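Readers should treat all values here as calculations from the given coordinates under stated rules, not as data from a laboratory. For neighbour counting, all protein chains shown are included, and Cβ atoms are generated from backbone atoms with ideal geometry for every residue, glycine included.
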Amino acid sequence: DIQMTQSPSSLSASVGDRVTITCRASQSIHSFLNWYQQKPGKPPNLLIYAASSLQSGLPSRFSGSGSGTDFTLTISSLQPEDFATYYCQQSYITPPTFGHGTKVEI
Amino acid sequence: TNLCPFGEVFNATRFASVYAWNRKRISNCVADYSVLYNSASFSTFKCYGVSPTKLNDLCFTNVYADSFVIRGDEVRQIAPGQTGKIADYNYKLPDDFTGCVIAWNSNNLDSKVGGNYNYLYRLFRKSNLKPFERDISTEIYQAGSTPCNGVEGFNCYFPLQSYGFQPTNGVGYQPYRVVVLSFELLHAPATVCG
Amino acid sequence: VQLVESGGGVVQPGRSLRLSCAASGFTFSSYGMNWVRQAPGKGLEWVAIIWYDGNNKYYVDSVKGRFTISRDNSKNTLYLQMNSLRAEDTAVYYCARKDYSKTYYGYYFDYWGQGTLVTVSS
Ligand SMILES: *[C@@H]1O[C@H](CO)[C@@H](O[C@@H]2O[C@H](CO)[C@@H](O)[C@H](O)[C@H]2NC(C)=O)[C@H](O)[C@H]1NC(C)=O
């Protein structure tokens with residue numbers, strides 16, 4: 001399968017800052033990366049699918065960008081409800097491997 | 001004296017898919033690249049190697065018109081030295097290209113409300129296409145290490161995927177018809193002029 | 001759309017368990033289903049997938065040969081028969097829905113459950 005490296009493992013940011021989380025794949029996965037958000041002790045929530053498409057109903061501040069091996073999730077305005085762990089998952093080759101996750105601190 | 005058949009190439013009612021791009025050779029006719037430039041309807045008209053205003057007198061042995069349909073955001077990939085799912089797997093132009101690329105919007109006549117899925121583009125291939133290569137094979141793509149044995153399953157995908165064309169898509173996703181003219185010289189006499 | 005899990009608990013090493021996931025709010029026999037586990041203080045780990053046709057099932061390494069993913073489309077339930085459990089399968093297991101995509105290469109987990117804890121150490 002494809003190994004996923006998510007960087008940074010932990011990020012310190014304040015309200016209204018810019019957040020950028022980079023997911024890198026050992027093998028090209030084209031545009032088949034999805035981004036999930038998980039607050040502590042809660043089920044993960046889908047944020048991005050196809051590496052650029054925002055799941056319907058979620059705040060528009062989130063964005064995605066990437067192709068092939070390097071992908072990026074951008075939070076323009078980090079609101080108090082945006083402090084959670086973000087995972088990147090590849091659907092190009094089953095098994096779908098999740099990145100080890102990036103936690104956003106204060 | 002015999003106007004080249006550029007009309008039917010640019011007036012075709014049914015364009016080919018990018019993976020089966022249709023190549024029409026043009027020879028033994030006089031081509032006027034004057035209605036083609038000043039048409040005032042072409043979103044993209046970019047000539048590589050030969051200037052658009054000066055090719056109206058350059059005489060060529062053959063002129064290949066390669067027609068297909070792609071998305072708006074993918075027009076930039078029809079150009080020398082471009083990397084992308086269309087440049088790599090569907091239609092590749094040589095780095096030393098000596099022709100022109102024309103493209104125009106087609107939400108009209110090609111964006112049925114229910115969705116026009118007649119157009120397919122290749123998602124996967126074992127290796128990138130060499131310049132001017134046409135791959136119409138529908139063999140299952142083996143992403144994993146397990147041989148597929150010709151059945152669609154996990155890690156075994158159909159290479160061709162249909163373009164999602166809707167009358168509401170953004171300009172980036174709207175259908176663009178593309179015609180690539182390749183003006184070639186050889187030892188044969190120049191049968192294409194204007 | 002709700003996916004409620006059950007069947008987790010404390011199980012002795014080497015024994016077996018069966019996790020269940022009841023789904024409501026959507027047609028069951030149109031969506032592929034997934035089991036994804038999260039060990040305490042670790043990231044998500046995909047466990048298994050069952051396709052909407054009831055024939056195509058895929059498993060992750062260290063889970064293959066032990067766990068059996070199945071579905072009873074007539075009861076709107078998704079099962080995971082965890083046999084020969086080890087000490088490394090301590091985790092919260094989520095039943096995740098797979099998008100209405102019909103394609104094997106672009107799927108995402110749109111709707112998750114709540115998670116059931118399966119402790120294995122004796
Ligand atoms: C494709 O069809 C169009 C029909 O519109 C042709 O151009 C039209 O007719 C003449 C000459 O082309 C122009 O004066 C009109 O303005 C054109 N109409 C529009 C709407 O642009 C065109 O020539 C045909 N294709 C080619 C290669 O000639």
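Taking 45 Å as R0, compute the FRET efficiency from the Cβ-Cβ separation of C:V4 and B:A40 and round it to 0.05. Walk me through the numbers on the way to the answer.
On the way: r = 62 Å, r/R0 = 1.38.
E(calc), rounded to 0.05, equals 0.15.
Which entries of B:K85/B:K130; B:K24/B:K92; A:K39/C:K64; B:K24/B:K112; B:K24/B:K130; A:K103/C:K64 have Cα-Cα distances beyond 23 Å here? Present the calculation step by step, with values, prior to reporting the outcome.
Numbers: B:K85/B:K130 14 Å; B:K24/B:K92 17 Å; A:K39/C:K64 30 Å; B:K24/B:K112 27 Å; B:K24/B:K130 19 Å; A:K103/C:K64 30 Å.
Pairs exceeding the cut-off: A:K39/C:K64; B:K24/B:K112; A:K103/C:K64.
Could you calculate the contour length gain from B:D32 to B:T83, that is, 0.36 nm times the residue separation minus the distance between their Cα atoms, to one decimal place in nm? Kindly include the intermediate steps, with their values, before the conclusion.
Numbers: separation 51, 0.36 × 51 = 18.36 nm, distance 3.23 nm.
So the extension gain works out to 15.1 nm.
Report the per residue volume, in Å³, of the convex hull enclosing the C-alpha atoms of region C:76-122. Don't jump to the answer; show the numbers that get you there.
On the way: hull volume 5.6 nm³, N = 47.
Each residue corresponds to 120 Å³ of Cα convex hull volume.
I need the shape label for region C:2-100. Rule: rounded when a/c is under 1.5, else prolate if a/b > b/c, else oblate, with a, b, c from the alpha carbon gyration tensor. Write out the running numbers ahead of the final one.
Details: a/c = 1.69, a/b = 1.63, b/c = 1.04.
Prolate shape, in that a/c is at least 1.5 and a/b is the bigger ratio.
Counting other Cβ atoms within 10 Å of each Cβ, which trypsin sites (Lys or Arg not before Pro) in region A:5-92 have at most 10 and sit in a DSSP loop?
On the way: sites: A:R18, A:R24, A:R61; in loops: A:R18, A:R61.
Here the sparse-neighbourhood loop sites are A:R18.
Given only helices, namely DSSP H runs of n ≥ 4 each adding -39500 (n - 2.57), what is the per-residue ellipticity at 222 nm of the protein assembly as shown, to the nearest 500 deg cm²/dmol?
On the way: 2 runs with 10 residues, N = 422.
After summing the helix terms and dividing by residue count, I get -500 deg cm²/dmol.
At a Förster radius of 45 Å, what calculated FRET efficiency corresponds to the Cβ-Cβ distance of C:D72 and B:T138, to the nearest 0.05?
0.80
Which whole-number percentage describes the relative contact order of region B:115-166, with Cα contacts under 8 Å and a sequence gap of 6 or more? Provide the component values of the computation, followed by the final result.
Numbers: 66 pairs, mean separation 28.0, N = 52.
Rounded, it is 54 percent for region B:115-166.
Testing the spin-label approximation: label points 7 Å from Cα along Cα→Cβ at A:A50 and C:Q81. State their distance in nm.
3.9
Filter the trypsin sites (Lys or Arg not before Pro) in region B:65-132 down to the DSSP loop ones having no more than 15 other Cβ atoms within 10 Å, then list what survives.
Details: sites: B:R71, B:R76, B:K85, B:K92, B:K112, B:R122, B:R125, B:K126; in loops: B:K92, B:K112, B:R125, B:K126.
Passing both the DSSP loop test and the Cβ count: B:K112, B:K126.
Rounded, prolate or oblate for the protein assembly as shown? Axes are the square roots of the Cα gyration tensor eigenvalues, ordered a ≥ b ≥ c, and the cut-off for rounded is a/c under 1.5. Mind dumping the intermediate values first?
Numbers: a/c = 2.75, a/b = 2.24, b/c = 1.23.
Prolate.
In peptide C:52-62, how many Cβ atoms from other protein chains are near each Cβ within 10 Å, on average? The partial results should precede the final answer.
Numbers: counts 0, 0, 0, 1, 3, 1, 6, 2, 5, 2, 0.
What the average comes to for C:52-62 is 2.
First check a/c for region A:4-105, with a ≥ b ≥ c the square roots of the eigenvalues of its C-alpha gyration tensor; if it is under 1.5, answer rounded, and if not, answer prolate when a/b is larger than b/c or oblate otherwise. Kindly include the intermediate steps, with their values, before the conclusion.
Working: a/c = 1.60, a/b = 1.52, b/c = 1.05.
It comes out prolate by the Cα gyration axes.
Thinking of region B:17-156 as a set of Cα atoms, what percent of all their pairs are more than 19 Å apart?
61
For region A:79-90, what does the Karplus curve 6.51 cos²θ - 1.76 cosθ + 1.60, with θ = phi - 60°, yield as ³J(HN,Hα) per residue in whole Hz, taken in order and with x for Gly and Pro?
7, x, 8, 9, 9, 7, 9, 10, 10, 10, 10, 9
Rank B:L109, B:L129, B:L181 by mean-square fluctuation in a GNM of chain B with C-alpha springs under 10 angstrom and give only the top-ranked residue.
Result for chain B, Cα springs under 10 Å: B:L109 fluctuates most.
Most mobile of B:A40, B:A16, B:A87 per a Gaussian network model of chain B (Cα springs, under 10 Å)?
Largest GNM mean-square fluctuation: B:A40.
Roughly how far apart, in whole Å, are the Cα centres of region A:9-82 and region C:1-67?
First find each Cα centre; the distance between them is then 25 Å.
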